[PDB]
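Fold and geometry: a report
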Amino acid sequence: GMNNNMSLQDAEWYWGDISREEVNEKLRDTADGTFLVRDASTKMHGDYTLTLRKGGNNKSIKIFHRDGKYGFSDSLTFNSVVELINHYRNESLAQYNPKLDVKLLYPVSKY
Amino acid sequence: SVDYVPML
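Residues numbered from 1 in each chain as written, not as in the entry; some residues may be left out. Chains lettered and ligands numbered in written order. Heavy atoms only, no water.

The deposited coordinates for this entry were obtained by solution NMR.

So, in structure tokens, the structure goes:
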């Protein structure tokens, strides 16, 4: 989703065709750290926001195609907004800054 | 709060 290559906002499960009531139908009663790719509309139409819900603080999360930069950056240089986030999905995102306190459970891939 | 919070 920027030049002809396609992997960050649209990676493996990263779809964005799920809105407010249809995301809630398989979400916030069970959800304690499940991360899944939600359609927005606010600054016109926002197709690639990501949404994880923790049952308590239920709170969405922005992507962006390849803009974040996390890894050993000399010969192969790193540019990924998920690589900074995935380090703290390995443990607890409240030790980052966002008050979620969650590990990776399971993505809702194509509903 | 189930809509939109743009974190990155």
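On to empty space enclosed by the protein. Residue and element names in this part refer to chain A. Overall, the coordinates contain one cavity of 30 Å³ or more when judged by the stated rule. When its volume is computed, the largest cavity comes out at roughly 50 Å³. Lining the largest cavity we find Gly33, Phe35, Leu52, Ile61, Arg89, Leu93, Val102, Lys103 and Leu104. By residue class, the composition of the lining of the largest cavity is six nonpolar, one polar and two charged. (1 Å grid on protein atoms, 1.4 Å probe; cavity = no way out; pocket = protein on both sides within 12 Å on 5 of 7 lines; lining within 4 Å. Points joined across faces, edges and corners; volume = space filled by probe spheres on them. Nonpolar A, V, L, I, M, F, W, Y, C, P; charged D, E, K, R; others polar.)

This brings us to the side chain of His65(A). All names here are of chain A. Secondary-structure assignment places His65 in the loop between β3 (58-62) and α2 (81-89). For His65, a relative accessible area of 12% translates into the label buried. A distance of 3.4 Å separates the side chain of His65 from the backbone nitrogen of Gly1, its partner in a polar contact. Engagement of the side chain of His65 in a polar contact is seen with the backbone nitrogen of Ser7, the distance being 3.4 Å. (Helix = DSSP H or I, 4+ residues; strand = E, 2+ residues; numbered from the N terminus. Buried < 20%, exposed > 50% of the residue type's maximum accessible area, 1.4 Å probe, protein only. Polar contact = N/O pair within 3.5 Å; in protein donor to acceptor, adjacent residues only side chain to side chain.)

Another aspect to go through is the pattern of salt bridges. Scanning the entire structure with this criterion turns up three salt bridges over all chains. Residue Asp29(A) pairs with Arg28(A) through a salt bridge whose shortest N-O separation is 2.8 Å. (Salt bridge = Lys/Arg side-chain N within 4 Å of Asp/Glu carboxyl O.)

Another aspect to go through is the interface of chain B and chain A. Between chain B and chain A, the contact holds eight residues from the first and 22 residues from the second. Where chain B meets chain A, there are two salt bridges. The residue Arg20(A) makes a salt bridge to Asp3(B) at a minimum N-O spacing of 3.0 Å. Within the side of chain B that touches chain A, the residues separate by chemical class into six nonpolar, one polar and one charged. (Contact = heavy atoms within 4.5 Å.)

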